[PDB]
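Student: Encoded as structure tokens, here's the structure I'll be asking about.
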Amino acid sequence: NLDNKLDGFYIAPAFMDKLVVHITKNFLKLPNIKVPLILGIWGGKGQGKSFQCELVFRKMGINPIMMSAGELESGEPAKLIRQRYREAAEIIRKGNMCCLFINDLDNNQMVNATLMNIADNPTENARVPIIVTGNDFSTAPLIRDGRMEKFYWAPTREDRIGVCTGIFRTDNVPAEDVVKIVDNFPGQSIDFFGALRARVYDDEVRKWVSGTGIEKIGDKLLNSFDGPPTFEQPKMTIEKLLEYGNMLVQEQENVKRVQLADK
């Protein structure tokens with residue numbers, strides 16, 4: 001029900017209600033319900049699950065306290081959680097909303113255990129909603145049973161079109177156009193479409209290069225007084241898009257071939 005578009009970007013309104021509400025819930029004292037502190041987000045493969053989070057956070061003006069998984073690998077594993085919690089908490093405990101956004105997973109006995117002890121109370125303290133992302137939250141079990149929420153994000157076709165409109169806002173493309181390609185290219189990531197749009201730019205440069213002297217480029221590009229030759233953004237027309245989309249798919253399908261046949 002709440003407004004899910006943001007700086008030309010789209011947000012899956014199921015994903016939004018889940019996160020927004022998970023968050024605002026942990027700031028309230030609402031009667032006779034145990035509110036889970038941490039919300040673990042899984043699924044939404046190909047779709048920008050982390051990016052959706054970022055989107056939501058900006059939409060509330062939360063500068064989350066980020067963390068990486070590679071950081072929680074390399075003292076660090078336990079400590080850095082407590083400290084990154086406290087950091088967020090001190091933000092919240094000065095004012096304005098904050099949350100600890102822990103991101104990605106695929107040592108662990110501990111990382112769990114620190115969650116469990118931290119889930120049991122604040123501990124001067126503070127109340128900070130943790131958000132986590134992964135693939136599937138395996139062996140969470142004791143804190144799912146206890147005090148955490150798993151959330152499988154099943155994006156719609158609607159969500160894909162939305163995320164996809166995001167990618168092309170810049171190039172003023174019919175809502176129609178976006179619908180045709182997404183439909184035309186099912187089970188492809190958002191990475192696919194980024195790649196597609198980038199492939200159109202690429203080609204233009206390739207034409208420029210090939211055109212205006214491979215040998216005499218570094219100059220026209222550097223030791224010129226008029227600067228680099230400032231490029232005009234290529235019109236992202238539909239037939240362009242389709243041609244490029246199959247092209248990329250053939251290529252994909254081909255790397256799979258050379259991969260499995262070399263292996």
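Just so we're on the same page: first chain in the structure tokens is A, next is B, and so on; residues restart at 1 for each chain, and ligands are numbered from 1 in the order they show up.
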Stretch 91-107 of chain A: which residues within 6 Å, counting only C-alpha atoms, same-chain residues fewer than 6 positions away excluded, as an MDAnalysis selection string?

Tutor: chainID A and resid 62 64:69 85 128:134

Student: Quick one: everything within 9 Å of stretch 109-112 of chain A, counting only C-alpha atoms, minus sequence neighbours fewer than 4 positions away in the same chain. Send it as an MDAnalysis selection string.

Tutor: chainID A and resid 72 77:78 81 116:117 139:140 142:143

Student: Write out as JSON lines the residues of stretch 155-222 of chain A that have any atom within 10 Å of an atom of stretch 2-26 of chain A, one row each with the nearest atom pair and its distance in Å to one decimal, counting only C-alpha atoms, sorted by chain and then rising number.

Tutor:
{"residue": "A:155", "atom": "CA", "partner": "A:12", "partner_atom": "CA", "distance": 7.3}
{"residue": "A:156", "atom": "CA", "partner": "A:12", "partner_atom": "CA", "distance": 8.3}
{"residue": "A:158", "atom": "CA", "partner": "A:12", "partner_atom": "CA", "distance": 8.2}
{"residue": "A:159", "atom": "CA", "partner": "A:12", "partner_atom": "CA", "distance": 5.3}
{"residue": "A:160", "atom": "CA", "partner": "A:12", "partner_atom": "CA", "distance": 8.6}
{"residue": "A:161", "atom": "CA", "partner": "A:10", "partner_atom": "CA", "distance": 8.9}
{"residue": "A:162", "atom": "CA", "partner": "A:10", "partner_atom": "CA", "distance": 5.1}
{"residue": "A:163", "atom": "CA", "partner": "A:10", "partner_atom": "CA", "distance": 5.5}
{"residue": "A:164", "atom": "CA", "partner": "A:10", "partner_atom": "CA", "distance": 8.3}
{"residue": "A:165", "atom": "CA", "partner": "A:9", "partner_atom": "CA", "distance": 7.2}
{"residue": "A:166", "atom": "CA", "partner": "A:9", "partner_atom": "CA", "distance": 4.4}
{"residue": "A:167", "atom": "CA", "partner": "A:9", "partner_atom": "CA", "distance": 7.7}
{"residue": "A:168", "atom": "CA", "partner": "A:8", "partner_atom": "CA", "distance": 8.7}
{"residue": "A:169", "atom": "CA", "partner": "A:8", "partner_atom": "CA", "distance": 5.7}
{"residue": "A:170", "atom": "CA", "partner": "A:8", "partner_atom": "CA", "distance": 8.1}

Student: Please produce an output containing N, CA, C and O atoms for each residue in the selection, written as a short mmCIF file (atom, residue, chain, number, x, y, z; two decimals), in the first residue's frame.

Tutor:
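File out-v5.cif, as written:
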data_model
loop_
_atom_site.label_atom_id
_atom_site.label_comp_id
_atom_site.auth_asym_id
_atom_site.auth_seq_id
_atom_site.Cartn_x
_atom_site.Cartn_y
_atom_site.Cartn_z
N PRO A 155 10.09 -12.98 -5.62
CA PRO A 155 9.72 -11.82 -6.44
C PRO A 155 8.64 -12.19 -7.46
O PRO A 155 8.65 -13.31 -7.95
N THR A 156 7.70 -11.28 -7.74
CA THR A 156 6.74 -11.43 -8.84
C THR A 156 7.41 -11.17 -10.17
O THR A 156 8.57 -10.76 -10.23
N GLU A 158 5.91 -8.80 -11.71
CA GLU A 158 5.79 -7.37 -11.40
C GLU A 158 7.08 -6.83 -10.81
O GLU A 158 7.61 -5.83 -11.30
N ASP A 159 7.62 -7.50 -9.80
CA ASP A 159 8.88 -7.07 -9.18
C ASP A 159 10.04 -7.02 -10.17
O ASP A 159 10.88 -6.10 -10.10
N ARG A 160 10.08 -7.98 -11.10
CA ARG A 160 11.17 -8.03 -12.10
C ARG A 160 11.10 -6.85 -13.08
O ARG A 160 12.06 -6.11 -13.24
N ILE A 161 9.92 -6.65 -13.67
CA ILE A 161 9.63 -5.44 -14.44
C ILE A 161 9.99 -4.17 -13.68
O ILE A 161 10.56 -3.25 -14.26
N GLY A 162 9.66 -4.11 -12.40
CA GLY A 162 9.97 -2.93 -11.62
C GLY A 162 11.47 -2.73 -11.49
O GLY A 162 12.01 -1.64 -11.74
N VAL A 163 12.16 -3.80 -11.11
CA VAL A 163 13.59 -3.70 -10.91
C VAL A 163 14.20 -3.34 -12.26
O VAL A 163 15.14 -2.52 -12.36
N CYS A 164 13.63 -3.91 -13.30
CA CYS A 164 14.12 -3.66 -14.63
C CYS A 164 13.88 -2.23 -15.12
O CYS A 164 14.72 -1.68 -15.82
N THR A 165 12.74 -1.64 -14.77
CA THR A 165 12.51 -0.25 -15.15
C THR A 165 13.60 0.57 -14.49
O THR A 165 14.10 1.52 -15.09
N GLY A 166 13.99 0.17 -13.28
CA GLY A 166 15.02 0.89 -12.54
C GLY A 166 16.25 1.06 -13.41
O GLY A 166 16.71 2.17 -13.66
N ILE A 167 16.75 -0.07 -13.90
CA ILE A 167 17.94 -0.11 -14.73
C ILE A 167 17.89 0.84 -15.93
O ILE A 167 18.92 1.36 -16.32
N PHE A 168 16.70 1.12 -16.47
CA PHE A 168 16.61 1.95 -17.67
C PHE A 168 15.98 3.33 -17.52
O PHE A 168 15.65 3.97 -18.52
N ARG A 169 15.83 3.81 -16.28
CA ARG A 169 15.14 5.09 -16.03
C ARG A 169 15.75 6.21 -16.85
O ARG A 169 15.10 6.97 -17.58
N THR A 170 17.05 6.27 -16.72
CA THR A 170 17.89 7.17 -17.44
C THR A 170 17.56 7.31 -18.93
O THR A 170 17.68 8.39 -19.48
#

Student: One decimal, Å: what's the distance from atom CA of residue A:242 over to atom CA of residue A:179, could you say?

Tutor: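 Computing the Euclidean distance for atom CA of residue A:242 and atom CA of residue A:179 yields 11.8 Å.
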
Student: Could you give me, as JSON, numbers by chain, the residues within 8 Å of stretch 190-206 of chain A, counting only C-alpha atoms and dropping anything in the same chain fewer than 3 positions from it?

Tutor: {"A": [46, 47, 48, 160, 163, 164, 167, 168, 209, 210, 233, 234, 236, 241, 244, 245, 248]}

Student: To one decimal place, how far is atom CA of residue A:89 from atom CA of residue A:126 in Å?

Tutor: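 Computing it gives 5.6 Å between the two atoms.
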
Student: Could you give me, as a tab-separated table (two decimals) with N, CA and C atoms, in the first residue's frame, each residue of stretch 114-224 of chain A that DSSP assigns to alpha helix (DSSP H) when run on this structure's backbone?

Tutor:
chain	number	residue	atom	x	y	z
A	114	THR	N	26.68	-15.52	19.42
A	114	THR	CA	26.71	-14.09	19.71
A	114	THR	C	25.35	-13.48	19.39
A	115	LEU	N	24.74	-13.95	18.31
A	115	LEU	CA	23.35	-13.62	18.00
A	115	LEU	C	22.40	-14.01	19.13
A	116	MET	N	22.52	-15.25	19.61
A	116	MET	CA	21.63	-15.75	20.67
A	116	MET	C	21.70	-14.92	21.95
A	117	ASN	N	22.91	-14.61	22.41
A	117	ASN	CA	23.10	-13.82	23.63
A	117	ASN	C	22.65	-12.37	23.43
A	118	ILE	N	22.77	-11.88	22.20
A	118	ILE	CA	22.41	-10.52	21.87
A	118	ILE	C	20.88	-10.41	21.68
A	119	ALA	N	20.27	-11.51	21.27
A	119	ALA	CA	18.82	-11.59	21.06
A	119	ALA	C	18.09	-11.61	22.39
A	120	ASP	N	18.77	-12.08	23.43
A	120	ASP	CA	18.16	-12.26	24.75
A	120	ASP	C	17.85	-10.94	25.48
A	141	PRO	N	18.17	-21.98	13.19
A	141	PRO	CA	17.30	-22.94	13.91
A	141	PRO	C	16.91	-22.69	15.39
A	142	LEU	N	17.88	-22.42	16.26
A	142	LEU	CA	17.59	-22.14	17.67
A	142	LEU	C	17.03	-20.71	17.90
A	143	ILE	N	17.38	-19.77	17.02
A	143	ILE	CA	16.87	-18.38	17.10
A	143	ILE	C	15.69	-18.13	16.15
A	144	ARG	N	15.46	-19.04	15.20
A	144	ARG	CA	14.19	-19.06	14.48
A	144	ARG	C	13.16	-19.55	15.50
A	145	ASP	N	13.36	-20.75	16.04
A	145	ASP	CA	12.52	-21.23	17.14
A	145	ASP	C	12.33	-20.14	18.22
A	146	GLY	N	13.44	-19.50	18.61
A	146	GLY	CA	13.44	-18.44	19.61
A	146	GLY	C	12.89	-17.10	19.13
A	147	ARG	N	13.74	-16.32	18.44
A	147	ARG	CA	13.55	-14.86	18.32
A	147	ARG	C	14.02	-14.21	17.00
A	157	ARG	N	6.66	-11.40	-11.23
A	157	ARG	CA	6.97	-10.83	-12.54
A	157	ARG	C	6.91	-9.29	-12.43
A	158	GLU	N	5.91	-8.80	-11.71
A	158	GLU	CA	5.79	-7.37	-11.40
A	158	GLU	C	7.08	-6.83	-10.81
A	159	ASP	N	7.62	-7.50	-9.80
A	159	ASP	CA	8.88	-7.07	-9.18
A	159	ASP	C	10.04	-7.02	-10.17
A	160	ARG	N	10.08	-7.98	-11.10
A	160	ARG	CA	11.17	-8.03	-12.10
A	160	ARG	C	11.10	-6.85	-13.08
A	161	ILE	N	9.92	-6.65	-13.67
A	161	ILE	CA	9.63	-5.44	-14.44
A	161	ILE	C	9.99	-4.17	-13.68
A	162	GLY	N	9.66	-4.11	-12.40
A	162	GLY	CA	9.97	-2.93	-11.62
A	162	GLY	C	11.47	-2.73	-11.49
A	163	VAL	N	12.16	-3.80	-11.11
A	163	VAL	CA	13.59	-3.70	-10.91
A	163	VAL	C	14.20	-3.34	-12.26
A	164	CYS	N	13.63	-3.91	-13.30
A	164	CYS	CA	14.12	-3.66	-14.63
A	164	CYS	C	13.88	-2.23	-15.12
A	165	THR	N	12.74	-1.64	-14.77
A	165	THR	CA	12.51	-0.25	-15.15
A	165	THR	C	13.60	0.57	-14.49
A	166	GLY	N	13.99	0.17	-13.28
A	166	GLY	CA	15.02	0.89	-12.54
A	166	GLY	C	16.25	1.06	-13.41
A	167	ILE	N	16.75	-0.07	-13.90
A	167	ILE	CA	17.94	-0.11	-14.73
A	167	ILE	C	17.89	0.84	-15.93
A	168	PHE	N	16.70	1.12	-16.47
A	168	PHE	CA	16.61	1.95	-17.67
A	168	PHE	C	15.98	3.33	-17.52
A	175	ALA	N	7.27	1.92	-20.69
A	175	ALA	CA	6.91	0.86	-19.76
A	175	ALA	C	6.61	-0.40	-20.56
A	176	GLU	N	6.05	-0.20	-21.75
A	176	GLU	CA	5.85	-1.23	-22.76
A	176	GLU	C	7.15	-1.99	-23.08
A	177	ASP	N	8.18	-1.24	-23.49
A	177	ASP	CA	9.47	-1.78	-23.86
A	177	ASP	C	10.01	-2.68	-22.77
A	178	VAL	N	10.01	-2.16	-21.54
A	178	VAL	CA	10.52	-2.91	-20.39
A	178	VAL	C	9.74	-4.23	-20.20
A	179	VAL	N	8.43	-4.18	-20.41
A	179	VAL	CA	7.62	-5.38	-20.29
A	179	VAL	C	7.98	-6.43	-21.36
A	180	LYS	N	8.33	-5.99	-22.56
A	180	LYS	CA	8.54	-6.93	-23.67
A	180	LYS	C	9.79	-7.77	-23.44
A	181	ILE	N	10.84	-7.10	-22.95
A	181	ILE	CA	12.18	-7.69	-22.83
A	181	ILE	C	12.22	-8.64	-21.64
A	182	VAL	N	11.70	-8.17	-20.51
A	182	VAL	CA	11.60	-8.99	-19.32
A	182	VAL	C	10.83	-10.27	-19.67
A	183	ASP	N	9.75	-10.11	-20.42
A	183	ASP	CA	9.00	-11.26	-20.81
A	183	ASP	C	9.85	-12.06	-21.75
A	184	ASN	N	10.60	-11.38	-22.59
A	184	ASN	CA	11.32	-12.07	-23.63
A	184	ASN	C	12.51	-12.85	-23.09
A	190	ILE	N	19.03	-9.69	-12.65
A	190	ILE	CA	19.07	-8.28	-12.92
A	190	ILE	C	20.42	-7.96	-13.54
A	191	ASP	N	21.44	-8.73	-13.16
A	191	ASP	CA	22.76	-8.60	-13.75
A	191	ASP	C	22.66	-8.70	-15.26
A	192	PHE	N	21.88	-9.67	-15.75
A	192	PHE	CA	21.60	-9.78	-17.18
A	192	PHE	C	21.26	-8.41	-17.81
A	193	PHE	N	20.28	-7.71	-17.25
A	193	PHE	CA	19.82	-6.47	-17.87
A	193	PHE	C	20.81	-5.31	-17.76
A	194	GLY	N	21.51	-5.23	-16.63
A	194	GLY	CA	22.59	-4.28	-16.50
A	194	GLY	C	23.56	-4.48	-17.65
A	195	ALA	N	24.13	-5.68	-17.71
A	195	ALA	CA	24.95	-6.20	-18.84
A	195	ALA	C	24.41	-5.85	-20.23
A	196	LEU	N	23.11	-5.98	-20.39
A	196	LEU	CA	22.51	-5.70	-21.68
A	196	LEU	C	22.66	-4.21	-21.97
A	197	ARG	N	22.17	-3.37	-21.07
A	197	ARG	CA	22.31	-1.94	-21.22
A	197	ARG	C	23.77	-1.50	-21.41
A	198	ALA	N	24.70	-2.11	-20.68
A	198	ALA	CA	26.13	-1.79	-20.82
A	198	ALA	C	26.67	-2.19	-22.20
A	199	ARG	N	26.06	-3.22	-22.78
A	199	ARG	CA	26.52	-3.77	-24.05
A	199	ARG	C	26.24	-2.82	-25.21
A	200	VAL	N	25.30	-1.91	-24.97
A	200	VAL	CA	24.86	-0.97	-25.99
A	200	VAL	C	25.82	0.21	-26.03
A	201	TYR	N	26.07	0.78	-24.86
A	201	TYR	CA	27.19	1.67	-24.67
A	201	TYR	C	28.48	1.08	-25.27
A	202	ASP	N	28.89	-0.10	-24.81
A	202	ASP	CA	30.12	-0.70	-25.33
A	202	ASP	C	30.22	-0.52	-26.83
A	203	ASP	N	29.25	-1.08	-27.54
A	203	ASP	CA	29.21	-1.07	-28.99
A	203	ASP	C	29.47	0.30	-29.60
A	204	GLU	N	28.84	1.34	-29.04
A	204	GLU	CA	29.06	2.71	-29.49
A	204	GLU	C	30.56	3.08	-29.42
A	205	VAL	N	31.18	2.92	-28.24
A	205	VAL	CA	32.62	3.13	-28.08
A	205	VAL	C	33.44	2.33	-29.13
A	206	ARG	N	33.11	1.05	-29.29
A	206	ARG	CA	33.74	0.18	-30.30
A	206	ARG	C	33.68	0.79	-31.71
A	207	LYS	N	32.53	1.39	-32.04
A	207	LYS	CA	32.37	2.11	-33.29
A	207	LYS	C	33.26	3.35	-33.31
A	208	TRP	N	33.24	4.12	-32.22
A	208	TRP	CA	34.12	5.27	-32.13
A	208	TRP	C	35.55	4.85	-32.33
A	209	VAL	N	36.05	3.95	-31.47
A	209	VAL	CA	37.42	3.42	-31.59
A	209	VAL	C	37.79	3.03	-33.03
A	210	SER	N	37.09	2.02	-33.55
A	210	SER	CA	37.28	1.50	-34.90
A	210	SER	C	37.26	2.63	-35.90
A	211	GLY	N	36.26	3.51	-35.75
A	211	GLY	CA	36.10	4.66	-36.62
A	211	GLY	C	37.30	5.59	-36.55
A	218	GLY	N	44.62	7.46	-27.88
A	218	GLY	CA	45.15	8.01	-26.62
A	218	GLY	C	45.31	9.52	-26.62
A	219	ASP	N	45.62	10.08	-27.80
A	219	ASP	CA	45.69	11.51	-28.01
A	219	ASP	C	44.33	12.18	-28.00
A	220	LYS	N	43.42	11.73	-28.88
A	220	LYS	CA	42.09	12.34	-29.01
A	220	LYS	C	41.39	12.20	-27.68
A	221	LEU	N	41.90	11.26	-26.89
A	221	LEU	CA	41.32	10.89	-25.62
A	221	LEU	C	41.98	11.63	-24.46

Student: How would you write, as a short mmCIF file (atom, residue, chain, number, x, y, z; two decimals) with N, CA and C atoms, in the first residue's frame, the set of residues in stretch 78-141 of chain A that DSSP gives as strand (DSSP E or B)?

Tutor:
data_model
loop_
_atom_site.label_atom_id
_atom_site.label_comp_id
_atom_site.auth_asym_id
_atom_site.auth_seq_id
_atom_site.Cartn_x
_atom_site.Cartn_y
_atom_site.Cartn_z
N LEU A 100 21.29 -2.47 12.35
CA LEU A 100 22.45 -3.25 11.94
C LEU A 100 22.09 -4.16 10.75
N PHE A 101 22.62 -3.82 9.58
CA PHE A 101 22.43 -4.62 8.38
C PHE A 101 23.58 -5.55 8.09
N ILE A 102 23.49 -6.78 8.57
CA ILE A 102 24.51 -7.79 8.26
C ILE A 102 24.20 -8.43 6.92
N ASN A 103 25.21 -8.61 6.07
CA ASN A 103 24.96 -9.04 4.69
C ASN A 103 25.74 -10.20 4.07
N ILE A 130 18.22 -6.07 13.85
CA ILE A 130 19.16 -6.64 12.90
C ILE A 130 18.47 -7.22 11.68
N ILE A 131 19.02 -6.88 10.52
CA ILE A 131 18.62 -7.43 9.23
C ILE A 131 19.75 -8.25 8.62
N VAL A 132 19.47 -9.50 8.26
CA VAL A 132 20.50 -10.35 7.63
C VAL A 132 20.07 -10.97 6.30
N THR A 133 21.03 -11.14 5.41
CA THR A 133 20.83 -11.74 4.09
C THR A 133 21.74 -12.95 3.88
#

Student: Determine, counting only C-alpha atoms, which protein, DNA and RNA residues have an atom within 7 Å of an atom of residue A:43; residues of the same chain fewer than 2 positions away are not included. Present the result as a list in words.

Tutor: residues 45, 135, 152, 153 and 154 of chain A

Student: Keeping only C-alpha atoms, write the selected residues as a short mmCIF file (atom, residue, chain, number, x, y, z; two decimals), in the first residue's frame.

Tutor:
data_model
loop_
_atom_site.label_atom_id
_atom_site.label_comp_id
_atom_site.auth_asym_id
_atom_site.auth_seq_id
_atom_site.Cartn_x
_atom_site.Cartn_y
_atom_site.Cartn_z
CA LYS A 45 17.99 -14.91 -6.46
CA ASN A 135 21.01 -18.06 0.61
CA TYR A 152 11.74 -16.01 1.66
CA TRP A 153 11.39 -13.32 -0.96
CA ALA A 154 9.53 -14.69 -3.95
#
